[PDB]
Every structure is written in C-alpha cells, then in structure tokens.
>>> print(open('target27.txt').read())   # compact mmCIF, N, CA and C atoms and all ligand atoms
# COMPACT_ATOMS: atom_id res chain seq x y z
N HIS X 1 89.87 81.99 138.45
CA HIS X 1 90.90 82.79 139.17
C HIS X 1 90.33 84.17 139.49
N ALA X 2 90.81 84.77 140.57
CA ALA X 2 90.34 86.09 140.98
C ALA X 2 88.83 86.20 140.80
N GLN X 3 88.10 85.20 141.28
CA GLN X 3 86.65 85.20 141.17
C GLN X 3 86.07 86.49 141.73
N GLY X 4 86.91 87.27 142.40
CA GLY X 4 86.48 88.54 142.98
C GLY X 4 87.10 89.72 142.25
N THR X 5 88.07 89.44 141.39
CA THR X 5 88.74 90.49 140.63
C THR X 5 88.91 90.08 139.17
N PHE X 6 88.13 89.08 138.75
CA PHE X 6 88.20 88.60 137.38
C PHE X 6 87.00 89.09 136.58
N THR X 7 86.00 89.61 137.28
CA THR X 7 84.80 90.11 136.62
C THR X 7 84.80 91.63 136.58
N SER X 8 84.63 92.26 137.74
CA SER X 8 84.63 93.71 137.83
C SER X 8 85.84 94.30 137.11
N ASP X 9 87.03 93.88 137.53
CA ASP X 9 88.26 94.36 136.92
C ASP X 9 88.45 93.76 135.53
N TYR X 10 87.35 93.61 134.81
CA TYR X 10 87.40 93.04 133.46
C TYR X 10 86.30 93.62 132.59
N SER X 11 85.87 94.84 132.92
CA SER X 11 84.81 95.51 132.16
C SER X 11 85.34 96.80 131.55
N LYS X 12 86.65 96.99 131.62
CA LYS X 12 87.28 98.19 131.08
C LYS X 12 88.44 97.82 130.17
N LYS X 13 88.34 96.67 129.52
CA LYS X 13 89.39 96.21 128.62
C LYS X 13 88.79 95.73 127.30
N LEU X 14 88.19 94.54 127.32
CA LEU X 14 87.58 93.99 126.11
C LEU X 14 86.79 95.07 125.39
N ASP X 15 86.05 95.87 126.16
CA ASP X 15 85.25 96.94 125.58
C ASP X 15 86.17 98.10 125.20
N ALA X 16 87.28 97.76 124.56
CA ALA X 16 88.26 98.75 124.13
C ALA X 16 89.45 98.02 123.51
N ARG X 17 89.59 96.75 123.88
CA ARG X 17 90.66 95.92 123.35
C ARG X 17 90.06 94.85 122.45
N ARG X 18 88.75 94.67 122.59
CA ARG X 18 88.02 93.70 121.78
C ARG X 18 86.98 94.46 120.99
N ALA X 19 87.06 95.78 121.12
CA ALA X 19 86.14 96.68 120.45
C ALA X 19 86.90 97.64 119.55
N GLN X 20 88.03 98.14 120.04
CA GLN X 20 88.84 99.07 119.26
C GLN X 20 89.41 98.37 118.03
N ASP X 21 90.33 97.44 118.26
CA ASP X 21 90.94 96.70 117.16
C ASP X 21 89.87 96.18 116.22
N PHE X 22 88.71 95.84 116.79
CA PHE X 22 87.60 95.32 116.00
C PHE X 22 86.90 96.45 115.24
N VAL X 23 86.16 97.28 115.97
CA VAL X 23 85.45 98.39 115.35
C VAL X 23 86.39 99.27 114.54
N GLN X 24 87.68 98.93 114.56
CA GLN X 24 88.67 99.71 113.83
C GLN X 24 88.71 99.29 112.36
N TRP X 25 88.37 98.04 112.09
CA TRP X 25 88.36 97.56 110.72
C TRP X 25 86.94 97.57 110.20
N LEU X 26 86.00 97.24 111.08
CA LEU X 26 84.61 97.21 110.69
C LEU X 26 84.23 98.52 110.01
N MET X 27 84.81 99.62 110.49
CA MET X 27 84.51 100.93 109.93
C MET X 27 85.55 101.33 108.89
N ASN X 28 86.41 100.38 108.52
CA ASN X 28 87.45 100.64 107.53
C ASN X 28 87.03 100.12 106.16
N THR X 29 85.79 99.63 106.08
CA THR X 29 85.28 99.10 104.82
C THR X 29 83.85 99.56 104.59
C1 LIG Y 1 94.24 91.96 130.14
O1 LIG Y 1 95.06 91.14 129.74
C2 LIG Y 1 93.46 91.73 131.43
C3 LIG Y 1 93.73 92.88 132.41
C4 LIG Y 1 92.49 93.11 133.28
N1 LIG Y 1 92.75 94.17 134.25
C5 LIG Y 1 93.31 95.31 133.88
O2 LIG Y 1 93.15 95.81 132.77
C6 LIG Y 1 94.16 96.01 134.94
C7 LIG Y 1 95.07 95.01 135.63
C8 LIG Y 1 96.22 94.62 134.70
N2 LIG Y 1 95.91 95.00 133.33
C9 LIG Y 1 96.78 95.68 132.59
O3 LIG Y 1 97.54 96.52 133.06
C10 LIG Y 1 96.77 95.38 131.10
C11 LIG Y 1 97.18 93.92 130.85
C12 LIG Y 1 97.27 93.66 129.35
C13 LIG Y 1 97.76 92.23 129.11
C14 LIG Y 1 97.28 91.75 127.74
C15 LIG Y 1 97.90 90.38 127.43
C16 LIG Y 1 96.97 89.59 126.51
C17 LIG Y 1 95.87 88.91 127.34
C18 LIG Y 1 94.55 88.96 126.58
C19 LIG Y 1 93.47 88.23 127.39
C20 LIG Y 1 92.11 88.42 126.70
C21 LIG Y 1 91.45 89.70 127.21
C22 LIG Y 1 90.56 90.29 126.12
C23 LIG Y 1 91.41 91.12 125.15
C24 LIG Y 1 90.87 90.96 123.73
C25 LIG Y 1 96.47 93.11 134.80
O4 LIG Y 1 96.81 92.53 133.78
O5 LIG Y 1 96.37 92.59 135.89
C26 LIG Y 1 92.12 91.81 133.99
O6 LIG Y 1 90.93 91.56 134.15
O7 LIG Y 1 93.02 91.09 134.38
>>> encode(input="target27.txt", output="structure tokens")
Amino acid sequence: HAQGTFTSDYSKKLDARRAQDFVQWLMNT
C-alpha cells in the first residue's frame, strides 16, 4: 500500500516509536 508514501513517510516514526519506548527501558536497567 502507498508504495509511494509507505517508505519515505515511514522514516520519522519507528525511529521514535520503535526506539523511544524501546531505548526507554534499555536505559532503565
Ligand atoms: C503509524 O502508525 C504510521 C504513520 C506513518 N506516517 C505518519 O507518521 C504521518 C501520517 C499519519 N501518521 C500519524 O499521524 C500517526 C499515526 C499513528 C498510528 C499508530 C497506530 C499503530 C500502528 C503501528 C504500526 C507499526 C508502526 C511502527 C510503530 C512501532 C498516518 O497514520 O497516516 C505512516 O507511514 O503511515
């Protein structure tokens, strides 16, 4: 889907939604 808006418009989320919640615990121990 959105083969034209599924990549570019997908580089400003995981790297903050899959990194924040993550790196949020990784550094909590
Ligand atoms: C996020 O779900 C994908 C959104 C992304 N594009 C944008 O961030 C901007 C367009 C808009 N996005 C938003 O406003 C935020 C949407 C959040 C919805 C989250 C629901 C859960 C889905 C999780 C999917 C896995 C993604 C990795 C997260 C660990 C929009 O939604 O269109 C895009 O590429 O669509």
>>> residues_near_ligand(input="target27.txt", ligand="ligand LIG 1 (chain Y)", cutoff="6 Å", atoms="all atoms listed in the file", output="VMD selection string")
chain X and resid 5 to 6 9 to 10 12 to 14 17 to 18
>>> select_by_dssp(input="target27.txt", residues="chain X", states="alpha helix (DSSP H)", output="MDAnalysis selection string")
chainID X and resid 14:17 20:26
>>> atom_distance(input="target27.txt", atom1="atom C of residue X:3", atom2="atom N of residue X:20")
24.7 Å
>>> axis_aligned_box(input="target27.txt", around="stretch 9-23 of chain X", padding_each_side="5 Å", output="lines of an AutoDock Vina configuration file")
center_x = 87.9
center_y = 96.2
center_z = 126.0
size_x = 16.1
size_y = 16.2
size_z = 33.0
>>> atom_distance(input="target27.txt", atom1="atom CA of residue X:28", atom2="atom CA of residue X:11")
25.3 Å
>>> build_atoms(input="target27.txt", residues="stretch 15-27 of chain X", atoms="N, CA, C and O atoms", output="CSV table (one decimal), keeping the file's coordinate frame")
chain,number,residue,atom,x,y,z
X,15,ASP,N,86.0,95.9,126.2
X,15,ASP,CA,85.2,96.9,125.6
X,15,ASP,C,86.2,98.1,125.2
X,15,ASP,O,85.9,99.3,125.5
X,16,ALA,N,87.3,97.8,124.6
X,16,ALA,CA,88.3,98.8,124.1
X,16,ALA,C,89.4,98.0,123.5
X,16,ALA,O,90.2,98.6,122.7
X,17,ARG,N,89.6,96.8,123.9
X,17,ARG,CA,90.7,95.9,123.4
X,17,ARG,C,90.1,94.8,122.4
X,17,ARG,O,90.8,94.2,121.6
X,18,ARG,N,88.8,94.7,122.6
X,18,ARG,CA,88.0,93.7,121.8
X,18,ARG,C,87.0,94.5,121.0
X,18,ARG,O,86.1,93.9,120.3
X,19,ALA,N,87.1,95.8,121.1
X,19,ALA,CA,86.1,96.7,120.4
X,19,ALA,C,86.9,97.6,119.6
X,19,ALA,O,86.5,97.9,118.4
X,20,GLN,N,88.0,98.1,120.0
X,20,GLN,CA,88.8,99.1,119.3
X,20,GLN,C,89.4,98.4,118.0
X,20,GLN,O,89.0,98.7,116.9
X,21,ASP,N,90.3,97.4,118.3
X,21,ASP,CA,90.9,96.7,117.2
X,21,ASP,C,89.9,96.2,116.2
X,21,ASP,O,90.1,96.1,115.0
X,22,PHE,N,88.7,95.8,116.8
X,22,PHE,CA,87.6,95.3,116.0
X,22,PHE,C,86.9,96.4,115.2
X,22,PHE,O,87.0,96.6,114.0
X,23,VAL,N,86.2,97.3,116.0
X,23,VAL,CA,85.4,98.4,115.4
X,23,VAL,C,86.4,99.3,114.5
X,23,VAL,O,86.0,100.3,113.9
X,24,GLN,N,87.7,98.9,114.6
X,24,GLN,CA,88.7,99.7,113.8
X,24,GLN,C,88.7,99.3,112.4
X,24,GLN,O,89.0,100.1,111.5
X,25,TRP,N,88.4,98.0,112.1
X,25,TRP,CA,88.4,97.6,110.7
X,25,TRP,C,86.9,97.6,110.2
X,25,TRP,O,86.7,97.9,109.0
X,26,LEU,N,86.0,97.2,111.1
X,26,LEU,CA,84.6,97.2,110.7
X,26,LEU,C,84.2,98.5,110.0
X,26,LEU,O,83.4,98.5,109.1
X,27,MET,N,84.8,99.6,110.5
X,27,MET,CA,84.5,100.9,109.9
X,27,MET,C,85.6,101.3,108.9
X,27,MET,O,85.6,102.5,108.4
